[PDB]
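Chain by chain, the residues run as shown.
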Amino acid sequence: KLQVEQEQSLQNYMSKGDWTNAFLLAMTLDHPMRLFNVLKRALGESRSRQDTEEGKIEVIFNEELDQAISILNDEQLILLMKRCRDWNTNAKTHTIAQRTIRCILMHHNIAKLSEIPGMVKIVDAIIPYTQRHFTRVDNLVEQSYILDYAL
Amino acid sequence: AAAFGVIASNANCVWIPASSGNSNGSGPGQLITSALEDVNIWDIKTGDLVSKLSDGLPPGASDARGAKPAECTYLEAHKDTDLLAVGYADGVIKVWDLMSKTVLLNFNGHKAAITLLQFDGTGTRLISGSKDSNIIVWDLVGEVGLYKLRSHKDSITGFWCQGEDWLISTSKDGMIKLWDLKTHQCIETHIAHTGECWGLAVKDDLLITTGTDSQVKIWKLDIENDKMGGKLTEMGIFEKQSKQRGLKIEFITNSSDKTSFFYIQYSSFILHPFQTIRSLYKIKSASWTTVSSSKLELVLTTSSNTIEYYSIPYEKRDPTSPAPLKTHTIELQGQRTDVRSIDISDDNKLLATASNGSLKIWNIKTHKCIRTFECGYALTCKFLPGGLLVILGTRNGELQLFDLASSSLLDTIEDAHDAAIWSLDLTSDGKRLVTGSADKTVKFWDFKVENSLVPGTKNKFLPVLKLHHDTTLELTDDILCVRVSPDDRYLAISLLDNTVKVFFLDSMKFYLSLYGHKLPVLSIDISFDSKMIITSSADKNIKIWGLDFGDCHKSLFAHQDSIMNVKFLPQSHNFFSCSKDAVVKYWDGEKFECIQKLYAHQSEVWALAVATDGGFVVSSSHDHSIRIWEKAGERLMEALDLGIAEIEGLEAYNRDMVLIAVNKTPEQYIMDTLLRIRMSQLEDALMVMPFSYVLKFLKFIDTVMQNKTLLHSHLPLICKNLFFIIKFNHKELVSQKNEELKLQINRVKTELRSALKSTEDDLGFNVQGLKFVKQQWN
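Residues numbered from 1 in each chain as written, not as in the entry; some residues may be left out. Chains lettered and ligands numbered in written order. Part of a larger assembly, values for the part shown. Heavy atoms only, no water.

cryo-EM is the method the PDB entry states for this structure, with the resolution given as 4.5 Å.

Listed under Subunit in UniProt, the entry text for chain B is "Interacts with snoRNA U3. Interacts with MPP10. Component of the ribosomal small subunit (SSU) processome composed of at least 40 protein subunits and snoRNA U3." In its Sequence similarities section, the UniProt record describing chain B reads: "Belongs to the WD repeat WDR3/UTP12 family." (UniProt positions renumbered as here; feature names shortened; annotations may be inferred.)

J.: How would you sum up the overall build of chain A? Please name residues and give values.
T.: A tally of helices and strands in chain A yields eight helices and zero strands. Reported as C-alpha extents along the three principal axes, the dimensions of chain A are approximately 65 × 35 × 25 Å. Residue burial in chain A is summarised as follows: out of 151 residues, 40% are buried. The long-range share in chain A, meaning contacts at least 24 apart out of those at least 6 apart in sequence, stands at 55%. Roughly 8,800 Å² of accessible area belongs to chain A as shown, and the carbon and sulfur atoms make up 56% of that amount. The average position of the 18 basic charges and that of the 20 acidic charges among the side chains of chain A differ by 7 Å. (Helix = DSSP H or I, 4+ residues; strand = E, 2+ residues; numbered from the N terminus. Buried < 20%, exposed > 50% of the residue type's maximum accessible area, 1.4 Å probe, protein only. Contact = heavy atoms within 4.5 Å. Areas by Shrake-Rupley, 256 points an atom, 1.4 Å probe, with all protein chains shown as cover. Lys, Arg positive; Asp, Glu negative; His and termini not counted. Charge placed at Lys NZ, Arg CZ, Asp CG, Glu CD.)

J.: I'd like to hear about the nonpolar core, residue by residue, with values.
T.: Grouped together as the largest cluster of nonpolar side chains are 32 residues, with contacts concentrated most on B:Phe697, B:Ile701 and B:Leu722. Put simply, the parts of the chain that give this core at least two residues each are helix 7 (120-144) of chain A together with helix 1 (632-651), helix 2 (666-676), helix 4 (691-707), helix 5 (715-728) and helix 6 (740-776) of chain B. B:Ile701 has contacts with B:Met671, B:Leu722 and B:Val748, leaving out every residue within four places of it along the chain. Formed by 24 residues, the second largest nonpolar core is a distinct cluster that contains A:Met27, A:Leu65, A:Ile104 and A:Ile122. (Core = buried A, V, L, I, M, F, W, Y, C linked by side-chain atoms within 4.5 Å.)

J.: Account for a nonpolar patch on the surface, naming residues and giving values.
T.: Residue and element names in this part refer to chain B. Among the surface-exposed residues, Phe 691, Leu 695, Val 734 and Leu 741 lie close enough to one another that they form a single nonpolar patch of about 340 Å² accessible area. Following the sequence through the fold, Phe 691 ends up in helix 4. Judged by relative accessible area, which is 49%, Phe 691 ranks as partly exposed. (Patch = residues over 30% accessible without salt bridge, like charges linked within 9 Å, V, L, I, M, F, W, Y side chains within 5 Å. Salt bridge = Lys/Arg side-chain N within 4 Å of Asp/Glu carboxyl O.)

J.: Summarise the sheet that holds strand 49 (residues 563-568) of chain B; cite the residues concerned and give the values.
T.: Residues and elements named next belong to chain B. Overall, antiparallel pairing links the four strands, which are arranged 49-50-51-52 in an open sheet. In this open sheet, the two strands that pair with only one neighbour each are strand 49 and strand 52 (594-598). Looking at each pair of strands side by side, their axes are set apart by 15° on average, direction ignored. Summarising the sheet, strand 50 (residues 574-579) and strand 51 (residues 584-588) pair through five bridges and their orientation is antiparallel. The partner of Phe 575 across the bridge, within strand 51, is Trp 587. (Pairing = 2+ DSSP bridges. Axes fitted to C-alpha atoms, helices over the stretch in contact; angles between N-to-C directions.)

J.: Just give me the short version of the interface of chain B and chain A, but keep the residues and values in it.
T.: Residue-level contacts link 40 residues of chain B with 37 residues of chain A. Buried area between chain B and chain A, summed over both chains or domains, comes out near 3,900 Å², and the portion from carbon and sulfur atoms is 66%. The largest per-residue losses of area from chain B upon contact with chain A belong to B:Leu763, B:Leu770 and B:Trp777, which jointly make up 16% of the total buried on that side. If you look at where chain B meets chain A, you find four salt bridges. In this structure, A:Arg102 and B:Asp762 form a salt bridge, with 2.7 Å as the shortest nitrogen-oxygen distance. Viewed at the interface, chain A and chain B are joined by seven residue pairs in polar contact. Elements represented by at least two residues in the side of chain B that touches chain A include exactly strand 18 (188-190), helix 5 and helix 6 of chain B. Here the residues of the side of chain B that touches chain A sort into 20 nonpolar, eight polar and 12 charged. (Buried area = accessible area lost by both parts, 1.4 Å probe. Polar contact = N/O pair within 3.5 Å; in protein donor to acceptor, adjacent residues only side chain to side chain. Nonpolar A, V, L, I, M, F, W, Y, C, P; charged D, E, K, R; others polar.)

J.: With reference to specific residues and values, describe helix 2 (residues 20-27) of chain A.
T.: Residues and elements named next belong to chain A. Of all eight residues in helix 2, six are buried; the element is thus mostly enclosed. All buried positions along helix 2 are accounted for by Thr 20, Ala 22, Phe 23, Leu 25, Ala 26 and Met 27. Those residues of helix 2 that are buried lie in contact with helix 1 (2-14), helix 3 (32-43), helix 4 (64-70) and helix 5 (74-87).

J.: Requested: an account of the side chain of B:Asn721, with residues and values cited.
T.: Mapping B:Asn721 onto the fold places it in helix 5. Among the polar contacts listed, one links the side chain of B:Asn721 to the backbone oxygen of B:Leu717, at a separation of 2.9 Å.

J.: Which residues make up the packing of aromatic side chains, and what are the values?
T.: Residue and element names in this part refer to chain B. According to the stated counting rule, one finds 11 aromatic pairs over all chains in the structure shown. For the pair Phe 159 and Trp 160, a centre-to-centre distance of 5.8 Å together with 25° between the ring planes defines the contact as stacked. According to the relative accessible area criterion, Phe 159 is buried, its value standing at 14%. Measuring from centroid to centroid gives 4.8 Å for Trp 198 and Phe 238, while their planes differ by 25°, and the two rings are stacked. Separated by 40 residues along the polypeptide, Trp 198 in the loop between strand 18 and strand 19 (200-202) and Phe 238 in the loop between strand 22 (231-232) and strand 23 (239-244) bring together distant segments of the chain. The exposure class of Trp 198 is partly exposed, given its relative accessible area of 24%. Ring-pair connections join several aromatic residues into one group, and the members of that group are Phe 261, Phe 274 and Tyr 281. Directly above the ring of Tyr 88 sits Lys 68, whose terminal nitrogen or CZ lies 5.9 Å from the centroid. The ring of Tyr 263 is capped by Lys 203, whose NZ or CZ atom sits 5.2 Å from the centre of that ring. (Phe/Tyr/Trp six-rings, centres within 6.5 Å; stacked < 30°, edge-to-face > 60°. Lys NZ or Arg CZ within 6 Å of the ring centre and 35° of its normal.)

Here is the structure:
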């Protein structure tokens, strides 16, 4: 009821600081667009330094969120995962939608722990999009060697 | 033809009633300024007319005022009483001089009426939240660029704490929000209602809120994760507003339960006796309570169209309240309510406006004497020619006789009706009375002095006219208005069967009807040339008629709501139309044209008469007052010359001992303008640009690939551009030397192939990571 509204004031306030409780709080609530914003500012900058599982490290720790993915439940797994289905559609954003996916298979077993809902439409749906994004970045990579390779 | 009147703001009007007080302002302390339909300066302990700021002629301007009509929302004074400031019913705030009545500035930016307007403790900031769901800060310069807080959906109520920081807000949206002053963000919103925050007051550290819930909720100032201290319940109905004591040892509360009560050990209860009172609180639910600046009394803004004086039971103050006093109004609000009917005399010096319980005497703007016998609002008024007597008709079926000398009724005209008197008028000398009566008959009345046996001062009813049983489908028998031929040949009278019937001076013969009206009529009149007659009806249609029937001259259909009164000029040249939509309409009688439209009546006009003088206009309204009248590649080259022009400036910083593109660095400019141009034919913009564009170009690439900015451009854009600029021109067709650009490109492309190979490996594990669970879900 009312604590949902003041809880949304907590979600508006939490974006100034850390992103973990903002991530879980906006994850269990509405709306997923601001959830896309905090994942954008978190996973947005290109960085490839020391150990993570989805790339959540900065000057302030965001690999705590790596444990918060570990603590997440199945209905939030399917609720986030259909947002990955929605975010795999358009170009130039799908990379963000890649990052959590490589996370979750590291933090749950192969069974997608025991009691599992229906997501065969999902795990069917994500394969052609990523298969399609395979070849484009392959062409940028193999054409990127050509500017070096001449001289 | 020349009609009288002007488009100026004032024509010696008496339109300001000094009534309907909602708020009030404490100015010099001894004087208290009253928010009304003007700014009326009062004394706080006498209640007399010190000064009234209204429309007129300030020195140095024309069509300027002291205050306006269309009721003032808040009045307040400057902290050194050196500024005047009124928020009105419009979206514009006016600041007037305190001493003179000139104007300083007009503040606009509100689309609705101002519901919150006050100064600060510094005074240099003005604050005004309005009914358009935002609060706007202001400056004496006119600085709108400071703040604009909009997070609400209704009108706004509460505000400042004098720390010059850390504001709070209470609004009528069902929300009470918290804010920081520097960079506004809703850190916390408190919600302890479901309706409307009526009145707001902080005591010293306790903020209380009043609402429809009829409860007083208390609150702490230095608050976070809302602090609650308890709820006072059940005032009896919803509280309207309240006030803290200026000495801050009590707290007075007000409601629409007509009871004011103060807390005292102030405390969380009421712990002082209240049977000391002798001058009981109020007749009407009041709007705002102020402790008086003399520290003994009370000022109460009632909804009974006046504000008043009282006290609060305590030993420092008067332990009872005194009788309420009012200012010297012009005796237009000293008498009680709305005017239904006005009348003029022959000497043009008797203006009389009747009411629920009063009849007043005016010459032009000076009042002589009141006369009160009205047991109702007077539907009609009629003088005696000569100004000796006046005949009145109330909502009782009762006609009253008043003399002009004093308030004493000479004769109560004999109660001979079962329905009220709507209309009445007299002949040329004044010896025949025809009246409005739903007794299905038309009543003539005698008139003379009483020195005989037939009273003409009590109008003995000898003659009888009745033939009213004509059959229609609307209603058989009711009259609306009556009208006497000034040449005395006939009588015209209105009916409810959409007709008018004309019968001559003696008994019934049928001159003429008029019928065809979709709605019944309110006003019919005869001119002095006596060939035509006007008619006005509630179908928004005024018709002129001669003698014809079924041949419409012109259906003058020009209004939006039903009419009130349409009359000729008293010398047969002009006719005017006042209606329910508060606008006066001047119309030339010889043509169907209009000469002047008068919109200065923000109040609904009910009745209106114009004298035989031909120099003024008298109006009755709902404020009961009278208004008297008379390149793309150049964006790239300019961009690169700018960004390299700054990078070389920052390069020789101190080892060697432009405000805007836009960012903390110009290079965030440079890539984003690449995203600004469109996806098609930007290659034409690239192939324009020479080798100097290339030399100044690659440095931004190494800048953003050392800066690891993927947040404002993307590797498909960078490869999509660089792969074109390498194929146009060139590396060994612009120079041939083993230079810093040549080894610069080597680290650039290594950065790109590594950073893109990372995403390649992540996707290349992601897909086959997804397949193998579908291998098992067989």
